[PDB]
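Accompanying notes for the structure given below.
In the text below, chain A, chain B and the rest are named by the order of the sequence lines, each starting its count at 1.
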Amino acid sequence: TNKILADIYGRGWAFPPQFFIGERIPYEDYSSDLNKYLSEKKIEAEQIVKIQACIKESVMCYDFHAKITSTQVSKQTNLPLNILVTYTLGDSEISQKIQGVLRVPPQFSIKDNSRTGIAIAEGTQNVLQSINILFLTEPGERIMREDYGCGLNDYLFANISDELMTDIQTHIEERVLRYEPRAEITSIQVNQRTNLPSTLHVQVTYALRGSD
Amino acid sequence: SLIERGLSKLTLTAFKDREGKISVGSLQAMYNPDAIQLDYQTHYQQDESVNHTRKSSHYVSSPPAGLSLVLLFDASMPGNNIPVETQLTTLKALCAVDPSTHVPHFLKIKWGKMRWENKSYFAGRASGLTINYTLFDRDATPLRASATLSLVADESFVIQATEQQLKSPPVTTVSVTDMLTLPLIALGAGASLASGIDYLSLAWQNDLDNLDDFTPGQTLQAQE
Amino acid sequence: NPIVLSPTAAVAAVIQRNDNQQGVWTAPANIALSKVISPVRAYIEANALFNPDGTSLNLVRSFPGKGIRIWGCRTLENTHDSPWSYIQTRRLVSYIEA
Amino acid sequence: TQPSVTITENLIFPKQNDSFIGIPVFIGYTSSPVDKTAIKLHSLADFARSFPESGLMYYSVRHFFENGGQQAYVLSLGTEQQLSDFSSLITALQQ
């Protein structure tokens with residue numbers, strides 16, 4: 001269901017930005033086909049297709065646009081198997097490699113630190129993160145976007161009173177409507193903290209567009 | 001109340017543009033009005049047919065919502081030190097034609113916890129302003145005057161667009177429960193959509209293998 | 001060359017002005033100053049000057065599109081439970097005492 | 001650390017004064033051990049404050065709150081490691 005939500009609401013960079021570089025592949029260790037290795041080790045012919053189905057399923061969970069083109073076995077693991085998987089993304093010509101561990105039902109696992117790039121936010125997380133950025137941005141901070149932002153700094157140092165809590169709640173409702181069409185605010189609760197009398201806690205509850 | 005018992009005051013704010021991104025000024029009423037009226041009207045046209053005996057009327061453009069207030073300004077009793085003419089000058093200037101846009105300013109009315117039909121503010125433009133002077137000093141300084149104010153609703157285009165797509169989403173999502181059929185799912189999913197959806201179109205969009213290819217707890221999507 | 005001045009001269013004008021406009025019980029913080037080009041030091045150097053449970057300063061800071069504003073309302077009081085931790089509270093009681 | 005607007009994952013628990021005619025009490029084994037008193041819950045957040053979010057008791061309480069519930073009580077018979085069989089539970093309810 002996460003794929004359905006991601007397609008409807010979109011994907012984008014996660015906030016705050018994060019960067020990863022995957023571990024280096026020891027290419028001088030994978031020079032033997034997995035299918036030829038399995039057949040040579042007198043493995044069952046029916047076991048091979050179950051072996052390949054496990055690889056494809058595990059890779060698909062890792063990246064569902066993948067299309068497996070090659071499979072090799074590390075020479076330092078001759079019956080815990082280390083596998084280098086080669087795939088292509090969709091119909092593109094871009095090829096990528098990924099390490100894995102095969103265990104003989106067969107089990108296949110992916111190395112934990114293998115992806116290189118940014119972290120992405122999908123579906124509900126994208127919308128939740130989007131509202132968070134709006135709260136933390138004040139108008140005039142974005143270049144050529146001088147109106148974008150919530151602007152809750154204007155209500156600081158005001159006396160904590162029913163007028164202030166009403167102003168804060170209505171301000172949030174108007175700004176989210178203007179700058180976040182994918183979300184709908186269903187409740188706003190403003191309370192004064194007992195241990196810290198000078199701080200206000202705001203509880204915001206949101207629902208997705210067309211979720212029901 | 002919850003914390004204190006301060007008396008909230010009614011405020012009038014003016015902007016040059018519809019989206020309220022260029023403020024012009026503001027005025028806080030010295031006396032809150034004791035009555036506020038909101039008016040909604042909508043017009044229909046009767047359907048005339050030469051071969052049908054049905055009785056029906058179809059919708060025609062509804063006039064914008066109206067709002068009416070009466071404000072009182074006094075400068076004679078103790079504690080009232082702001083001159084009446086200053087307040088009346090500010091009030092009229094906010095309701096007047098802007099020298100740059102050549103159109104009257106866009107106004108916002110805010111007052112405490114009062115909600116003007118689901119919003120904390122009434123967005124509109126002045127359509128009438130009558131002022132009666134009833135008391136003067138010996139040097140003709142006005143001491144008491146009442147202004148009758150009436151506006152017509154004129155909302156922002158961005159807020160209207162967001163609310164439109166919120167209640168009529170381009171794509172809707174549903175959850176499958178026990179003993180549901182595809183025509184039943186399409187009715188529930190297609191209720192919010194502008195044009196509804198048929199069971200064949202709903203099946204095709206979700207890539208169903210057959211008309212019963214779903215299980216309870218699964219989620220389905222429906223587009224326009 | 002631009003003349004450097006203490007912020008206390010402008011804050012006093014704000015306090016006197018704020019009493020007639022908002023009231024003596026209203027904090028005089030978050031108000032833009034006038035005839036001020038820029039603060040001498042940036043706000044990134046004052047991270048150690050605010051202590052919620054100790055002595056602290058009131059920062060004078062600029063914002064993009066908002067100008068130079070006062071960004072604090074605490075007094076030199078450092079006790080956590082003391083009732084005079086804010087300038088407007090101390091001035092309100094003295095106004096009642098007067 | 002100057003005064004500012006910030007995002008937090010914390011939760012506040014203000015006192016509630018509402019009253020209802022029918023209030024249930026959940027009697028069973030919880031995730032963590034507690035005393036012999038009955039804890040009052042005003043929302044699912046209160047349950048997480050006292051117990052970990054796992055086990056049958058957590059989902060029963062969650063099911064109550066997501067069906068329109070507003071106020072409930074939890075009475076713990078012990079830790080989940082003490083469940084043995086049906087007859088033991090009957091004995092525990094007979095204390």
Side-chain angles (χ1 to χ4, degrees), chain A residues 1-133 136-137 142-143, chain C residues 44, chain D residues 7 9:
Chain A
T1 179
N2 49 314
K3 204 200 118 72
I4 304 308
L5 297 188
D7 282 31
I8 288 172
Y9 297 112
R11 320 147 150 103
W13 291 40
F15 182 82
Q18 295 148 71
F19 311 85
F20 312 99
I21 302 180
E23 308 283 1
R24 193 145 20 241
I25 313 296
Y27 301 88
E28 66 276 20
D29 290 12
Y30 306 84
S31 301
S32 46
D33 188 317
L34 171 87
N35 261 357
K36 163 230 64 63
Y37 183 94
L38 278 180
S39 82
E40 170 267 329
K41 239 54 172 203
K42 299 88 191 62
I43 217 57
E44 301 67 335
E46 79 62 37
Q47 264 310 317
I48 281 175
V49 54
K50 323 270 289 313
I51 273 298
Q52 287 291 343
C54 188
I55 310 300
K56 146 134 74 153
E57 164 263 1
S58 185
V59 168
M60 154 264 189
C61 291
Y62 172 91
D63 192 340
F64 87 77
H65 285 117
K67 204 174 308 314
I68 290 204
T69 77
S70 297
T71 326
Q72 282 148 233
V73 192
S74 174
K75 92 186 69 207
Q76 336 285 7
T77 46
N78 264 292
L79 186 272
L81 272 184
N82 284 0
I83 280 80
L84 171 72
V85 183
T86 303
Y87 62 96
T88 59
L89 301 139
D91 305 6
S92 76
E93 318 287 15
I94 286 128
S95 176
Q96 292 231 13
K97 300 212 178 270
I98 164 177
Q99 281 176 247
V101 180
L102 176 60
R103 172 173 287 95
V104 202
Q107 292 296 97
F108 191 52
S109 97
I110 302 298
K111 216 73 70 156
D112 62 345
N113 187 19
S114 98
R115 32 181 73 263
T116 155
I118 45 144
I120 60 150
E122 298 208 322
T124 305
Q125 261 293 327
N126 193 258
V127 189
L128 168 87
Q129 153 196 289
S130 172
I131 303 173
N132 269 354
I133 299 164
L136 291 168
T137 310
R142 290 287 296 272
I143 186 78
Chain C
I44 65 190
Chain D
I7 295 296
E9 62 276 72

Would you compute the distance between atom [atom1] of [X] and atom [atom2] of [Y] and round it to the nearest 0.5 angstrom?
| X | Y | atom1 | atom2 | result |
| --- | --- | --- | --- | --- |
| A:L38 | A:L102 | CG | CG | 7.5 Å |
| A:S70 | A:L34 | OG | CG | 11.0 Å |
| A:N132 | A:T137 | CG | OG1 | 10.0 Å |
| A:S58 | A:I110 | OG | CD1 | 4.5 Å |
| A:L89 | A:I94 | CG | CD1 | 7.0 Å |
| A:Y9 | A:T124 | OH | OG1 | 7.0 Å |

Count the heavy atoms of every other residue, nucleotide or ligand shown that sit under 6.0 Å from [atom1] of [X], and state whether that count exceeds 12.
| X | atom1 | result |
| --- | --- | --- |
| A:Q125 | CD | no |
| D:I7 | CD1 | yes |
| A:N78 | CG | yes |
| A:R11 | CZ | yes |

Backbone N or O of [Y] within a donor-acceptor pair of the [X] side chain at under 3.5 Å?
| X | Y | value |
| --- | --- | --- |
| A:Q129 | A:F15 | yes |
| A:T86 | A:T69 | no |
| A:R115 | A:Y62 | yes |
| A:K56 | A:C54 | no |

Applying side chain to side chain contact (heavy atoms under 4.5 Å, CB included) to A:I55 and A:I83, what does each step give before you reach the verdict?
CA-CA 10 Å; A:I55 310 300; A:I83 280 80; 5.5 Å; no
Closest approach of [X] and [Y], non-hydrogen atoms and distance?
| X | Y | answer |
| --- | --- | --- |
| A:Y30 | A:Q72 | O-NE2, 2.6 Å |
| A:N126 | A:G12 | ND2-N, 3.7 Å |
| A:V101 | A:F108 | O-CD1, 3.1 Å |
| A:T116 | A:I21 | CB-CA, 3.9 Å |
| A:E40 | A:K42 | O-NZ, 2.8 Å |
| A:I25 | A:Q99 | CD1-OE1, 3.2 Å |

Are side-chain heavy atoms of [X] and [Y] found at a separation under 4.5 Å?
| X | Y | answer |
| --- | --- | --- |
| A:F19 | A:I118 | yes |
| A:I43 | A:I48 | yes |
| A:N82 | A:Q76 | no |

